[PDB]
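Trainee: Quick one: the structure is below, and I'll ask about it shortly.
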Amino acid sequence: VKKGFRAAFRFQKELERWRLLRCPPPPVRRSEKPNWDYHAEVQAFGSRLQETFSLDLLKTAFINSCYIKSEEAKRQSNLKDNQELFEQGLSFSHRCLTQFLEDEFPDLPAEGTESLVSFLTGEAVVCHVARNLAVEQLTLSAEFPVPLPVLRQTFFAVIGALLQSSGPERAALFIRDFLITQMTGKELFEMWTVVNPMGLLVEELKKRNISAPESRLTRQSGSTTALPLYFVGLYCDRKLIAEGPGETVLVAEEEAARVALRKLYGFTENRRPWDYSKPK
Amino acid sequence: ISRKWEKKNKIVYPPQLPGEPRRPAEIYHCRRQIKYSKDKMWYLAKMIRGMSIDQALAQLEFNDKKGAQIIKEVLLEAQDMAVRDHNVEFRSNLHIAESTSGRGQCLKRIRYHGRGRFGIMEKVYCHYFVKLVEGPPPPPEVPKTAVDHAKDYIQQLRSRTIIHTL
Amino acid sequence: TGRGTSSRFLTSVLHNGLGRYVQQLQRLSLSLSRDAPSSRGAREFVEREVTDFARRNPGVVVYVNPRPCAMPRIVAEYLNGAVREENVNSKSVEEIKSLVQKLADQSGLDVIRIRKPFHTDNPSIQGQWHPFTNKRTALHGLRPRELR
Amino acid sequence: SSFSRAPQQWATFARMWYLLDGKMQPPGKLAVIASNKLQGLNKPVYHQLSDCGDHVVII
Amino acid sequence: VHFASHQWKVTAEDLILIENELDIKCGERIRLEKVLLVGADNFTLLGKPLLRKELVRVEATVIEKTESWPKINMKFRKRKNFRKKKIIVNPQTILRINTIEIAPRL
Amino acid sequence: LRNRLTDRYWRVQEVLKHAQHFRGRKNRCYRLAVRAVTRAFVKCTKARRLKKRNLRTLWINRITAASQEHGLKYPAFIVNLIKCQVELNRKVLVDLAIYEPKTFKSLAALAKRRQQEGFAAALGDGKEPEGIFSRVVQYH
Amino acid sequence: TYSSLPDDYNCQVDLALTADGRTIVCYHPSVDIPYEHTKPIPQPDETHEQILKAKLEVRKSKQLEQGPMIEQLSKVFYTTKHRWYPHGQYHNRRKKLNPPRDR
Amino acid sequence: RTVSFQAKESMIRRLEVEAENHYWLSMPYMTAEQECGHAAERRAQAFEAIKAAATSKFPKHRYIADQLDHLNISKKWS
RNA sequence: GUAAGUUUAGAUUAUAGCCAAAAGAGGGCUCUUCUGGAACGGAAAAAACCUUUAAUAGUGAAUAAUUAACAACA
Ligand SMILES: [Mg+2]
Ligand SMILES: [Mg+2]
Numbered sequence: 031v032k033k034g035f036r037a038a039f040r041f042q043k044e045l046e047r048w049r050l051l052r053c054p055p056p057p058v059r060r061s062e063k064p065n066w067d068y069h070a071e072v073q074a075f076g077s078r079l080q081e082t083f084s085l086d087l088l089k090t091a092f093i094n095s096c097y098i099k100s101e102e103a104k105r106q107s118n119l120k121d122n123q124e125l126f127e128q129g130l131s132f133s134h135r136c137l138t139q140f141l142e143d144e145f146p147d148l149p150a151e152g153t154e155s156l157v158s159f160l161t162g163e164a165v166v167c168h169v170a171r172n173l174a175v176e177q178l179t180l181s182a183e184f185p186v187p188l189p190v191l192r193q194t195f196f197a198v199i200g201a202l203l204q205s206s207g208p209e210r211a212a213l214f215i216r217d218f219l220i221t222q223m224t225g226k227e228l229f230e231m232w233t234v235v236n237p238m239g240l241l242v243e244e245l246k247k248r249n250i251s252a253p254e255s256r257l258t259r260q261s262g263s264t265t266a267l268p269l270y271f272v273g274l275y276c277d278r279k280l281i282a283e284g285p286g287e288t289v290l291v292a293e294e295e296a297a298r299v300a301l302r303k304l305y306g307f308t309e310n311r312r313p314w315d316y317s318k319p320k
Numbered sequence: 041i042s043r044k045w046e047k048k049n050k051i052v053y054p055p056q057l058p059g060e061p062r063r064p065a066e067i068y069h070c071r072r073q074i075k076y077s078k079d080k081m082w083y084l085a086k087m088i089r090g091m092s093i094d095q096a097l098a099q100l101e102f103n104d105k106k107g108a109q110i111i112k113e114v115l116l117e118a119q120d121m122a123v124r125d126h127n128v129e130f131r132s133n134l135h136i137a138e139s140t141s142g143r144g145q146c147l148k149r150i151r152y153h154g155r156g157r158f159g160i161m162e163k164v165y166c167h168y169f170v171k172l173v174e175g176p177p178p179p180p181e182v183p184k185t186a187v188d189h190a191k192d193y194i195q196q197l198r199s200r201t202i203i204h205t206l
Numbered sequence: 002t003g004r005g006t007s008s009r010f011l012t013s014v015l016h017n018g019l020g021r022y023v024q025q026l027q028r029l030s031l032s033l034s035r036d037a038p039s040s041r042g043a044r045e046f047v048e049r050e051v052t053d054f055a056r057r058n059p060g061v062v063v064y065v066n067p068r069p070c071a072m073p074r075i076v077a078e079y080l081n082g083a084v085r086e087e088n089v090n091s092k093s094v095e096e097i098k099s100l101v102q103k104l105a106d107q108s109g110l111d112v113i114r115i116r117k118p119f120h121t122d123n124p125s126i127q128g129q130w131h132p133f134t135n136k137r138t139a140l141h142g143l144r145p146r147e148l149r
Numbered sequence: 002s003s004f005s006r007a008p009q010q011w012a013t014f015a016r017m018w019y020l021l022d023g024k025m026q027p028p029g030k031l032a033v034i035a036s037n038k039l040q041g042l043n044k045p046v047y048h049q050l051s052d053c054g055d056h057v058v059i060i
Numbered sequence: 103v104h105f106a107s108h109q110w111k112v113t114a115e116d117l118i119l120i121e122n123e124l125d126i127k128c129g130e131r132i133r134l135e136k137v138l139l140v141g142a143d144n145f146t147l148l149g150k151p152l153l154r155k156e157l158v159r160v161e162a163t164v165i166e167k168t169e170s171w172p173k174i175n176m177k178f179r180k181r182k183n184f185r186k187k188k189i190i191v192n193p194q195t196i197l198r199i200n201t202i203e204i205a206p207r208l
Numbered sequence: 010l011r012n013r014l015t016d017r018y019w020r021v022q023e024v025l026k027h028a029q030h031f032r033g034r035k036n037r038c039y040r041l042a043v044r045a046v047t048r049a050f051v052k053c054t055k056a057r058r059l060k061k062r063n064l065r066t067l068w069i070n071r072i073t074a075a076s077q078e079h080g081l082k083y084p085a086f087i088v089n090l091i092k093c094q095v096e097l098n099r100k101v102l103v104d105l106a107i108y109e110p111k112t113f114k115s116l117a118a119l120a121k122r123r124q125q126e127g128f129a130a131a132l133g134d135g136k137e138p139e140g141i142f143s144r145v146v147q148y149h
Numbered sequence: 034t035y036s037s038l039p040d041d042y043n044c045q046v047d048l049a050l051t052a053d054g055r056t057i058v059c060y061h062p063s064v065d066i067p068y069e070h071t072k073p074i075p076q077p078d084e085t086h087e088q089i090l091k092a093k094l095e096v097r098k099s100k101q102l103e104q105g106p107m108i109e110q111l112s113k114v115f116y117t118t119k120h121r122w123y124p125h126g127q128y129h130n131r132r133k134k135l136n137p138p139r140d141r
Numbered sequence: 025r026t027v028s029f030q031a032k033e034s035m036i037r038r039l040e041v042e043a044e045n046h047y048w049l050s051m052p053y054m055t056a057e058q059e060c061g062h063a064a065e066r067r068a069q070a071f072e073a074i075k076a077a078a079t080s081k082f083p084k085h086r087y088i089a090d091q092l093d094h095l096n097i098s099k100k101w102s
């Protein structure tokens, strides 16, 4: 037995580390932990984004219906929901997002510009964006971690509160910065699901009064082996429109259809980069 | 010395909710000080891994090693307590999940040699551990087919990237 | 040590610089002792520099807690969920002031080996090289020595 | 360009078949051409860990 | 673009890492002034060795200022020992390329 | 035993944490792990310098492949571009060949033409007009 | 026909100098494949899996033993047999669970 | 041994440089007599600087401020 | 052209070298005398030959040394 307590003190810390790894603690919401002031946190939220909010409106957005039920049940043993703001905020975003897309890609079909808007207002994108902006920390609800449908609702309510305070032009910049950015590096059909691409291509060519394409084999390698490469090119009026690679002729031919469609709708990889330069 | 295998039988879970699979039962049993080498006991404990209770008891009854008889008696007690104390319905519905051997506390003695020399002798001891899990034995292993092998190979080729470039 | 440690690729939290730049640091906590030689330098920092730092950075909430203490400590938390902790035992005002500024500039991403300096999501404008680029075609698509 | 991710990767790393005629040629000079293509040193995407070789047929 | 002491192939939205301090605040916009080549799908322009200021303008933003991970330096010496060791950490900065613009003044 | 060292536990863990990914008794026995870790650190330091040289060889190998597709040897391609006052380095040239095939071909023709102009100037002797691409801009 | 490289495979190169002589301008449009240089698709007789099954035909002994099966696999993919054997538990437990992904 | 081509050329290039060194050393601007005394003033000043530094060593001042500042180690908030 | 040198006070360790290149002396050794060396690059591996002013980070650049050389008549 050595004299001294400092080595014993240090070892207690390591025993704490070992216990945590083996038995990870259940998650807790930050409000419970020390160093929390609700009023101060809300104000910093607005200033962080370089946007001005009205305190009364912004606080209402975070409140959720499920939270009210829990408090009353505890109370037996006033508030005001964000339902109004949620409906208004979501509606404008759908219209605003559609307006952005149509100008950028006028030719692209209507059904397409609905999938992309649905893609960018889904739980996956909204929940991912919401957490990194601290929306989850400030939410008031009866369950933690907050369920995704609840988290999504509070996000759009905040945009609604921003719309009322600072008007349409400011909110349009908000949607561009945080939602439109999420489509960087994303190929079209990754966000829109189209089966039988050739069938869609035939109809589109008819509208512009173009002849149906003729499939032909431009390049070939290792056909008889188990790793073959095929290049199939769609020829129109003896003029090439698209070329696609694939493992099999059917796969390669289907690939050529997608290449053709992308050019028609102007969603190619080398298209003009989006524009965030405008300060207005 | 550590005795943790014994205490494993006293865990209590909260009642299961109606919409949930029925949780199978578990039994832990051991015999501690045995006059047998742990290296030799390993071969016996290894053989009965994964088998059902009846198949295990059948193979043990016709083995000539001294360890085979000791393992069999431990298995019989585990079966008895499973029905009597752990709410197992059918005796036959059990299989061996875990079985292994461990070192015990040993003794040192003298071994004589032929010129006034000597050596150090060890009288060796071992432990035996088992866990019994209710239910039929899980299905055995199936080797990869030729088609399964190929599908992995294409996956490897598809994963390639252009290395050390933009 | 590289083979003994993890690595990652260069990235940003939420495309920080595309539309608008957002500061990742959001909270600071500093604990002190009223009368303890170890925490003297931290006390002077509160006397002089704490208020000015708060104004220049308005998106960070700062908490100052005097209490009986043995080591003054600073905790920094970020939007992506990272937490960092630093001891300030017996340091000067200048040391603490410079330390705080480093925390402000950082994003919570882990400090480990970065595989490449440059990251692009649109590496090619004219099309990526494949073996058939730079190979001339042939009439009727006849592979070599095929009679037709 | 504008291909999907998987077809793009498949096309770039595909392996090619070549033909050489050896009549009246010196064996050493034939080897230099064959070794170049077998290793894959004819591709700007060559790396020692990428297995980018091609097939060579000599008659 | 030639920046620091290195040449970088660049495009909009790209991320660049510079291994030294720059003296620029975070969130600040900058103009890169040494450009050697600008290219598009159908045409390219080459300087000899640099393009004129009128033709091309490239702008970037400062996103993060950080330090590198610890690097171990241990010289080879008889009686090496495990404590005859140094840790090197360098300051770093990250830039995001924003835009590339050209004008019809050829 | 008036004074005894009470910190030996943490001094041991400093070495052993760097040896967990080894194989054998080298990852748990201090007298063996300590010898292996210092050998690793020496290798790590010497490989920082060797890395830069290795990457340059990779660039030169890939450039030769790209140029030969257009019929040019590596020395001719690199040298003639310099005589045209083009100061692109080897690292960026590899990027263009892989990711900008059309731009790389344009550079291939430029280097070839400058080479031809040099050949004509060499064979022809006396005062003759210099090549269009063989004119050097001057600075002061 | 000023370009010194043939224009028939990748692109057409047109190189010019500006009047001041400080910039070099490059025009490189793409070349499309002529129709006369293509072949018709063989519509009369395809998923890559079907190709593999025909290649890896199980004919004798039902599922073959390790060795004979590996020799069949090596011929199809033009490798040696050593590639196909498994490894021990030491190597399998070192493998990373979640390797990084670039884009 | 046989001397490689590289080695023969590299040596020649170094020979040519030294030949030019011989030429440029053959045309002195000033004769020996003209040189005498032309730089005496500068040289004498230089040694005076060297001597002054040598004979300037002495201990350093000590201040009450340094000693009494140690008491601030126990400063506090009252 | 250049920055050292003398005096005063204090203090140990060391007192067997090795190879290359010159000049001698006893006849391959053995002594005496003048010059140089101790790579992480090169000569196949490579203490002693050749290139090389210290030591740091970088996915920049120009160079140094660099085992090879091109059977008759006339
Ligand atoms: Mg023994
Ligand atoms: Mg080098």
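Residue numbers (the deposited numbering), protein chains in the order written: chain c, 31 to 107, 118 to 320; chain T, 41 to 206; chain b, 2 to 149; chain K, 2 to 60; chain S, 103 to 208; chain R, 10 to 149; chain a, 34 to 78, 84 to 141; chain o, 25 to 102.
Ideal placement from N, C-alpha and C gives every residue a C-beta, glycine not left out.
Alpha carbon to alpha carbon, how far is c/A74 from R/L105?
Mentor: As a first step, residue 74 of chain c is located in the first sequence; it is residue number 44 there, counting from the start. As a first step, residue 105 of chain R is located in the sixth sequence; it is residue number 96 there, counting from the start. Computed Cα separation, rounded: 46 Å.
Trainee: At least one CB of chain o closer than 8 Å to the CB of b/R116: is that the case?
Mentor: In the third sequence, residue 116 of chain b corresponds to position 115, counting from 1. No, b/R116 does not count as interfacial toward chain o.
Trainee: Would a check of beta-carbon distances place R/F50 closer than 8 Å to chain S?
Mentor: What you label residue 50 of chain R is simply residue 41 of the sixth sequence in a count that begins at 1. R/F50 counts as touching chain S.
Trainee: Does the CB of b/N135 have a neighbour CB from chain R at under 8 Å?
Mentor: By one-based count along the third sequence, residue 135 of chain b stands at place 134. Closer than 8 Å: yes.
Trainee: Ignore the nearest five residues each way along the sequence and tell me which others in c/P253's own chain have a CB closer than 6 Å to its CB.
Mentor: By one-based count along the first sequence, residue 253 of chain c stands at place 213. Here the set comprises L274 and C276.
Trainee: What residues from chain o crowd round b/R44, counting only those whose CB sits closer than 7 Å?
Mentor: As a first step, residue 44 of chain b must be located in the third sequence, where it is residue number 43. In chain order: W101.
Trainee: Is the CB-CB distance between c/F307 and c/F92 below 8 Å?
Mentor: Here residue 307 of chain c is taken as the residue at index 267 of the first sequence, counted from 1. Here residue 92 of chain c is taken as the residue at index 62 of the first sequence, counted from 1. No, Cβ-Cβ distance for c/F307 and c/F92 is not below 8 Å.
Trainee: Between T/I160 and ligand 1, is there a pair consisting of the residue's CB and a ligand heavy atom that are separated by less than 7 Å?
Mentor: The sequence position of residue 160 of chain T within the second sequence is 120, counting from 1. Correct: T/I160 has its Cβ closer than 7 Å to ligand 1.
Trainee: Measuring only the C-alpha atoms, how far is R/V43 from b/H120?
Mentor: As a position in the sixth sequence, residue 43 of chain R is number 34, starting the count at 1. As a position in the third sequence, residue 120 of chain b is number 119, starting the count at 1. Each residue's Cα considered, the two are about 38 Å apart.
Trainee: Nearest to T/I202 by alpha carbon, out of R/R123, R/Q94, R/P138 and R/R71?
Mentor: Residue numbering aside, residue 202 of chain T sits at position 162 when the second sequence is read from its first letter. If we check each option's Cα against that of T/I202, R/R71 comes out closest.
Trainee: Tell me, which residues are paired with S/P193 by DSSP?
Mentor: Taking the first residue of the fifth sequence as 1, we reach residue 193 of chain S at position 91. Per DSSP, S/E169.
Trainee: Counting only Cβ-Cβ distances shorter than 8 Å, please list the residues of the stretch 9-20 of chain b near chain a, keeping chain order.
Mentor: Result list: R9 and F10.
Trainee: Do R/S76 and a/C59 count as a contact pair if the criterion is CB distance below 8 Å?
Mentor: Taking the first residue of the seventh sequence as position 1, residue 59 of chain a is located at position 26. Taking the first residue of the sixth sequence as position 1, residue 76 of chain R is located at position 67. Cβ atoms of a/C59 and R/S76: not closer than 8 Å.
Trainee: Which residues in the same chain as R/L81 place their Cβ atom closer than 8 Å to its Cβ, once the five residues preceding and following it in sequence are excluded?
Mentor: One-based indexing of the sixth sequence puts residue 81 of chain R at position 72. Answer for R/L81: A117, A120 and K121, listed in chain order.
Trainee: Closer than 9 Å, Cβ to Cβ, to anything on chain a: give me those residues from the stretch 190-201 of chain T, in chain order.
Mentor: For the stretch 190-201 of chain T, which is checked against every Cβ of chain a, the residues closer than 9 Å are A190, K191, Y193, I194 and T201.
Trainee: For S/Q109, count neighbouring Cβ atoms within 10 angstroms of its own Cβ and tell me buried if that reaches 16, exposed if not.
Mentor: Within the fifth sequence, numbered from 1, the residue matching residue 109 of chain S stands at position 7. So S/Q109 ends up on the buried side.
Trainee: Please name the residue or residues paired with T/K171 in a DSSP beta bridge.
Mentor: Taking the first residue of the second sequence as 1, we reach residue 171 of chain T at position 131. DSSP output for T/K171 lists T/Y68 and T/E138 as bridge partner(s).
Trainee: Closer than 8 Å, CB to CB, is K/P8 near chain c or not?
Mentor: Within the fourth sequence, residue 8 of chain K is the residue found at index 7, counting from 1. With 8 Å as the cut-off, K/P8 counts as an interface residue toward chain c.
Trainee: Which residues of chain K have a Cβ atom closer than 7 Å to the Cβ of R/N70, listed in chain order?
Mentor: In the sixth sequence, residue 70 of chain R corresponds to position 61, counting from 1. Per Cβ cutoff of 7 Å: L42 and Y47.
Trainee: So if I threshold CB-CB distances at 9 Å, which residues from the stretch 160-174 of chain S count as touching chain R?
Mentor: For the stretch 160-174 of chain S, which is checked against every Cβ of chain R, the residues closer than 9 Å are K173 and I174.
Trainee: Give me the Cβ distance between S/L153 and S/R207, rounded to the nearest whole Å; I'm assuming they're in contact under 8 Å.
Mentor: For the purposes of this step, residue 153 of chain S is taken as residue 51 along the fifth sequence, with counting starting at 1. For the purposes of this step, residue 207 of chain S is taken as residue 105 along the fifth sequence, with counting starting at 1. At roughly 11 Å, the Cβ-Cβ gap does not stay under 8 Å, so S/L153 and S/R207 are not in contact.
Trainee: One question on the structure: do K/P45 and R/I107 come within less than 8 Å of each other, judged by their Cβ atoms?
Mentor: Numbered from 1 along the fourth sequence, position 44 holds the residue referred to as residue 45 of chain K. Numbered from 1 along the sixth sequence, position 98 holds the residue referred to as residue 107 of chain R. It is a contact, given that the beta carbons lie within the stated cut-off.
Trainee: Helix, strand or coil for a/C44? Go by DSSP, reduced to three states.
Mentor: As a working mapping, residue 44 of chain a is identified with position 11 in the seventh sequence. Reduced to three states, the DSSP call for a/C44 is strand.
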